[PDB]
Every structure is written in structure tokens, then in C-alpha cells.
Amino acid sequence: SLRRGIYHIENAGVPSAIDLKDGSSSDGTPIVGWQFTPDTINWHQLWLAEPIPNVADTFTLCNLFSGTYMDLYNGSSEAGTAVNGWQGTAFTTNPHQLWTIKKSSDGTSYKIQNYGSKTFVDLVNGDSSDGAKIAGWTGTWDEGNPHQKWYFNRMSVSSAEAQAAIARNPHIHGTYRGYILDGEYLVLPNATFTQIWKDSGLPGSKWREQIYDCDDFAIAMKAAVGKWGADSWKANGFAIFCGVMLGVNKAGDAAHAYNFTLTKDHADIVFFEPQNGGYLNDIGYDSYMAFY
């Protein structure tokens, strides 16, 4: 089954993503096809999939920005029925907001079926225009129709995935202990991670013995990303990925505190120096503790 997490949902036929129009929280805001920029946060185009207990392959889909849910208007099975953002909750019993999401016949893209109507999410006429209508539409699980096929591009990691990325890194100390703080994390492109740093007041901060040294920079960066996450998104049930690490050098005579993020492919960690905004594959320290 599709895993719990945050997805950028991209049509299989044309490069249009599922977009809540203007990110609006109003009930009935149309959900439309819209172009996107890879390796950015696409602000109106991120969807938190929450599995429904006891209902196989079925999910609510919550817009990360608005906190409102993908909703089939009045649950109508009529072809052309509006698909809109609407107030709801993560584990609602409202079938208008419940979606069975399973692999299409190509085995890579998914089809998205309303649980009540049994109709499918359809980019009408495969229109690649910004603001193209998305509707519930008659269809089948096995047909090739690209109007109803959707790539679920995973934008989050589970804590287990983050832990695996750390574990395969070559700069981990033998004494390493990791402390996990949340369960599912939006992975930032470096462009956004950098922006948060740039706006944090840290670029302007002076290194000062004990009173504002390694530990203070690293903790301040983590706090900055935490604040950004809450200020930026209205959905709940996920965190923003930003780790803190304490490390020791090879000679075992010097220590450092710093941050880390994740690669685009989610497979590896990358170290971040909060004193200068630099990204490094080797920061010159082996991590003996991390929290994230």
C-alpha cells in the first residue's frame, strides 16, 4: 500500500500537479492541475496522506498549506463532479473525503478513487493548462487512461528512513546514540533550508566562547526550522526535517556541534554548518549524538 506521508501528486500524461487553488482554506476551493518547479517547495501542491484504520488502501488527503481536505462535491458519482478543498479531519467517516489509492496498470502511477462514489480523480481532457479542472469521473482500475493516472512523488521521510540515512553515513562515531523526536518529516530542498537559515539571525551571529558557540548555533537553527514549520503550514501530523549533531574529530581531541539535512533522494544525510550556511559531505567530525 501507499505509505503515510507527504506527496506531490503529478499527472502521468502532462506535467501538472494536483493544486489547491491559491492555497485557499475556503470550503469549496477548486482543486486544479497546475505546473510546478522541481526541487522547490510547491506551496499549494503538497498532500498529507493519512491511512484509515480498518479500510484497506484508503486515505484522507490533506493539503499541507490549507489544512483542508480533498473532497468530492456531495459525493456525486456523476462524471465531471467537482473536486474541492473542504474542512475535515484526518480520520473522518465522510466518504466525500475518503480516497482509495492503488497502483494503476502501469505499476508505478496510482489511480485515486473516491470511497463513496467509486469514481476516479480525473484531469479533465488531460488539459495541461494552469487551473485546469479536476473532477470525479467514471473509470476502471486497469485502464490506461492517463487523465486518471497520478505519480505520488514522496516528499517526506519516516523516522525509520531518517535513521537509515544516518546509519549508512561514513562519519558516525562508534559511540553514536540517536534520539528521534517525531514520526514523519517534510524534507526541505537546500534552497528552502538555506532561506530559513538566512532569515534566522544566525548569518549575523558572532561565535563567542561558551555564551554563543557551536551548540548555540546548532540549537538556534533547529528552533528556526521548527518555528518556520508551524508558521508555514496549517496541516498537522508531520514535522520538518532538521537534525542536530554533536561530533568529535579523528584525533579525539576536538568536538563540534552542527546540523544535518537529507539528500533529494532521501537516502543520505548532508551536514550543515550553522555558523556559515555551508553544506558538507564531510564536516571533519564523527557524530556521537544526534537528535531530530
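We call the rigid core the largest set of C-alpha positions that still match within 1.5 Å between the two forms. The first residue of the sequence shown is number 1, and the count goes up from there.
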Compare 252 to 260 with 55 to 63 and report which one shows the larger root mean square C-alpha deviation from this form in 4 other deposited structures of this protein once the rigid core is superposed. 252 to 260
Greater root mean square CA deviation, 118 to 126 compared with 180 to 188 in 4 other deposited structures of this protein, core aligned: 180 to 188
Stretch with the higher entry mean CA B-factor, where the candidates are 223 to 231 and 261 to 269: 261 to 269
Taking only the CA atoms, which stretch has the higher mean B-factor in the record, 201 to 209 or 108 to 116? 201 to 209
Largest Cα B-factor, entry values, listed residues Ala218, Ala165, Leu181, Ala135: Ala165
Top Cα B factor in the deposited entry, candidates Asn74, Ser156, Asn125, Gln87: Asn74
Can you tell me which third, lowest, middle or highest, the CA B-factor of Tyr7 falls into for its chain? lowest
Name the third of the chain's ranked CA B-factors that contains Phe152, choosing lowest, middle or highest. middle
Lowest, middle or highest third: where is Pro95 by Cα B-factor in its chain? highest
For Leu46, the third of its chain into which the C-alpha B factor falls: lowest
Relative to the other modelled residues in the chain, which third contains the C-alpha temperature factor of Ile283: lowest, middle or highest? highest
